[PDB]
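Participant: To start, I am sharing the structure in question, which I have written as structure tokens.
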Amino acid sequence: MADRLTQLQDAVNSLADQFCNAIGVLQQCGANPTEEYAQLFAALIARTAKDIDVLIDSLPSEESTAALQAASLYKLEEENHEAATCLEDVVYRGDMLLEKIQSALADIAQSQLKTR
Amino acid sequence: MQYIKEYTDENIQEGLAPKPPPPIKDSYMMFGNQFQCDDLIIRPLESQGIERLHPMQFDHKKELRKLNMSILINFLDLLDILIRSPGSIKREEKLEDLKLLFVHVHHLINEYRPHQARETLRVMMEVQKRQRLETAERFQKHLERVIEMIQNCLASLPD
Amino acid sequence: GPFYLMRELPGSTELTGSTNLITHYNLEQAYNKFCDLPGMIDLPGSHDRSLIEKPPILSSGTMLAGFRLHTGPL
């Protein structure tokens with residue numbers, strides 16, 4: 001969904017689920033196997049921890065918050081209204097030209113039928 | 001399955017005798033399992049049912065960086081507190097403590113979304129203005145083509 | 001500075017399952033000994049309703065008696 005919040009939340013959940021099973025799994029199955037798993041698990045957990053640190057810097061600071069955004073929207077609302085008027089000023093010129101040319105063509109057709 | 005009868009039977013009759021709809025309530029609503037209390041803050045509230053250890057500043061970023069080490073250190077402390085004391089009761093409070101920590105991270109992270117939600121709203125207002133201007137200019141351009149055309153016709157007619 | 005909700009870990013090595021529980025519980029020499037008594041019993045006697053005795057154990061007038069019952073020699 002390309003959302004910062006979704007990615008951060010997902011990473012935390014994997015760590016919780018991934019580490020709860022892993023500790024239990026270590027207790028579950030006992031030379032070569034125990035040592036390799038220790039590194040494999042430490043590796044992932046370490047990777048997840050690094051990822052979490054990277055994520056925090058990306059989010060916006062205390063400044064330019066929601067109230068400020070609403071304030072920004074205000075000034076913007078007035079600007080939008082003006083923009084709308086532009087098109088309502090542009091229109092009706094085509095309408096008057098169109099009614100003029102319809103009157104002209106009706107007059108031409110009438111003259112053509114009356115000259116007979 | 002059961003429809004209401006004694007509040008609906010008085011509908012087929014004319015005049016102003018039909019009852020008005022109920023005005024808008026300003027009290028707590030008891031419908032459903034959920035409490036659904038009126039005028040609840042949009043942000044989730046941890047004030048009730050959750051202990052508060054948060055700072056006056058209420059900055060998520062400062063806490064997030066500190067919280068991460070604490071959950072991790074506890075994870076490591078919970079690993080060996082089992083061997084240091086297997087029969088001790090404090091292990092399940094540590095899990096609970098861990099559960100409390102899990103309740104906190106999600107609660108603190110959710111703080112950002114309302115601000116994030118507000119940002120989505122501004123582009124909609126902003127994009128239309130970016131779109132409306134283009135339509136007006138395009139319309140003006142189209143009209144111009146027509147006018148220069150009728151001037152060419154008016155130039156070629158009387159000669 | 002301090003992390004949130006740090007506390008004191010327990011006493012460095014209390015009673016665990018990582019100790020040698022037998023040598024701490026003074027049972028070493030019995031194991032070092034140990035690592036049929038019917039036969040042991042057999043040496044004292046001959047060999048070793050054995051169906052009946054077990055059933056009796058599963059649930060769980062000496063002079064006068066002799067006088068009362070007489071058994072023919074031949």
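Participant: Do any trypsin sites (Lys or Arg not before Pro) in region B:49-135 lie in a DSSP loop with no more than 15 other beta carbon atoms within 10 Å, and if so, which? Intermediate results must be reported in sequence, preceding the final value.
Facilitator: Details: sites: B:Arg52, B:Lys61, B:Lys62, B:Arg65, B:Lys66, B:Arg84, B:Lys90, B:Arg91, B:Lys94, B:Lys99, B:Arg118, B:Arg122, B:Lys129, B:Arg130, B:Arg132; in loops: B:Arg52.
In loop regions of region B:49-135 (DSSP not H, G, I, E or B), the sparsely surrounded trypsin sites (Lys or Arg not before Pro) are B:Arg52.
Participant: Hey, got the average number of other protein chain Cβ atoms within 10 angstrom for residues in C:3-15? Please list the in-between numbers first.
Facilitator: Values: counts 10, 11, 10, 4, 6, 0, 5, 8, 2, 1, 2, 6, 3.
Per-residue shielding by partner chains comes out at 5.
Participant: Check cross-link reach from B:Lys61 to the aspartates and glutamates: straight Cα distance under 16 Å, and skip same-chain residues fewer than eight apart.
Facilitator: A:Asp51, A:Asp53, A:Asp57, A:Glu62, A:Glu63, B:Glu111
Participant: Same structure, new question: Taking the inverse of the average 1/r across all pairs of different Cα atoms in the protein assembly as shown, what Kirkwood radius in Å do you get? Please report the intermediate quantities before stating the final value.
Facilitator: Values: mean 1/r = 0.0304 Å⁻¹.
Its Kirkwood hydrodynamic radius stands at 32.9 Å.
Participant: Mind checking the dipole of region B:27-159: about its Cα centre, +1 per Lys or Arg Cβ, -1 per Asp or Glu Cβ, Debye to the nearest 20? Show your work: numbers first, answer last.
Facilitator: Values: 20 positive and 20 negative charges, 55 e Å.
Approximately 260 debye in magnitude.
Participant: Then there is this: Using the Karplus curve 6.51 cos²θ - 1.76 cosθ + 1.60 with θ = phi - 60°, what ³J(HN,Hα) values do you get for each residue of region C:12-26, in whole Hz, with x for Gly and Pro?
Facilitator: Using θ = phi - 60°, the values come out as 3, 9, 8, 6, 10, x, 8, 7, 7, 6, 6, 5, 6, 9, 6 Hz.
Participant: Right, next: Work out the mean other chain Cβ neighbour count within 10 Å for the residues of B:117-126 and drop it here as an integer. Spell out each step's value before the answer.
Facilitator: Values: counts 2, 8, 4, 1, 4, 5, 0, 1, 6, 5.
Across B:117-126, the average partner-chain Cβ count within 10 Å equals 4.
Participant: Could you work out how far helix B:112-156 tilts from the main Cα principal axis of chain B, as a 0 to 90 degree angle to the nearest 10?
Facilitator: Computed tilt is about 10 degrees.
Participant: Beyond 16 Å, what share of the Cα-Cα pairs of region A:46-114 is found? Please give it as a whole percent. Walk me through the numbers on the way to the answer.
Facilitator: Values: 1770 of 2346 pairs.
Result for the distance tail: 75 percent.
Participant: Taking the alpha-carbon centroid of each part, what is the distance from region B:58-130 to region A:1-57 in angstrom?
Facilitator: Result: 16 Å between the Cα centres.
Participant: If the only charges are +1 at each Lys and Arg Cβ and -1 at each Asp and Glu Cβ, what is the size of the charge dipole of the protein assembly as shown around the Cα centre, to the nearest 20 debye? Spell out each step's value before the answer.
Facilitator: Values: 36 positive and 51 negative charges, 133 e Å.
Result for the protein assembly as shown is approximately 640 debye, rounded to the nearest 20.
Participant: So what is the calculated 222 nm ellipticity per residue for the protein assembly as shown, using -39500 (n - 2.57) for each DSSP H run with n of 4 or more, over all residues, to the nearest 500 deg cm²/dmol? Could you put the intermediate results ahead of the total?
Facilitator: Numbers: 12 runs with 224 residues, N = 349.
Dividing the helical sum by the residues of the protein assembly as shown leaves -22000 deg cm²/dmol.
Participant: A follow-up question, please. Please identify the GluC sites (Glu not before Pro) of region B:36-128 that satisfy two criteria: DSSP loop assignment and at most 13 other Cβ atoms within 10 Å. Which are they? Let's see the in-between values first.
Facilitator: Details: sites: B:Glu46, B:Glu51, B:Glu63, B:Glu92, B:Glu93, B:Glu96, B:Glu111, B:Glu119, B:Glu126; in loops: B:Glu46, B:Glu51, B:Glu111.
In loop regions of region B:36-128 (DSSP not H, G, I, E or B), the sparsely surrounded GluC sites (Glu not before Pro) are B:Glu51.
Participant: Could you work out how far helix B:90-109 tilts from the main Cα principal axis of chain B, as a 0 to 90 degree angle to the nearest 10?
Facilitator: 10 degrees
Participant: For B:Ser88, what residues show an amide H to amide H distance below 5 Å, using hydrogens built from the backbone and excluding near sequence neighbours?
Facilitator: Hits under the 5 Å cutoff: none.
Participant: Of all chymotrypsin sites (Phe, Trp or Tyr not before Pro) in region B:1-109, which ones are in loop regions per DSSP and have a Cβ with at most 14 other Cβ atoms within 10 Å?
Facilitator: Details: sites: B:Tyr3, B:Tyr7, B:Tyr28, B:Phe31, B:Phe35, B:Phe58, B:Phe75, B:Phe102; in loops: B:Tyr3, B:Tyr7, B:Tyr28, B:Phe31, B:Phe35, B:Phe58.
Counting only loop positions with at most 14 other Cβ atoms within 10 Å, the chymotrypsin sites (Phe, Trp or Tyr not before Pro) in region B:1-109 are B:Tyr3, B:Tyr7, B:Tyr28, B:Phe31, B:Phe35, B:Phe58.
Participant: Which residue, C:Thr23, C:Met40, C:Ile52, has the largest displacement toward the positive end of the dipole of chain C when charges sit on each Cβ (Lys, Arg +1; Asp, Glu -1)?
Facilitator: C:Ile52
Participant: Please turn the phi angles of region A:39-49 into ³J(HN,Hα) values with the Karplus equation 6.51 cos²θ - 1.76 cosθ + 1.60 (θ = phi - 60°), one per residue in order, whole Hz, x for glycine and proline.
Facilitator: The phi angles translate into 6, 5, 6, 3, 4, 4, 3, 5, 5, 5, 4 Hz.
Participant: Reachable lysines from B:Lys19, Cα under 20 Å, same-chain residues fewer than 8 places away excluded?
Facilitator: Counting by Cα, and skipping residues close in sequence, B:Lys19 has these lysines nearby: B:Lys5.
Participant: So, one more: Using the Karplus curve 6.51 cos²θ - 1.76 cosθ + 1.60 with θ = phi - 60°, work out ³J(HN,Hα) for each residue of region B:15-27 in order, rounded to whole Hz, and write x for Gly and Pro.
Facilitator: x, 8, 4, x, 5, x, x, x, x, 5, 7, 10, 10
Participant: Averaging the inverse of every distinct alpha carbon separation and then flipping it gives the Kirkwood radius. What is it for region B:18-159, in angstrom units?
Facilitator: Values: mean 1/r = 0.0441 Å⁻¹.
This gives a value of 22.7 Å.
Cβ atoms come from the backbone with ideal geometry, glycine included; neighbour counts cover every protein chain shown. Only the coordinates and a few stated rules stand behind these numbers; no lab work does.
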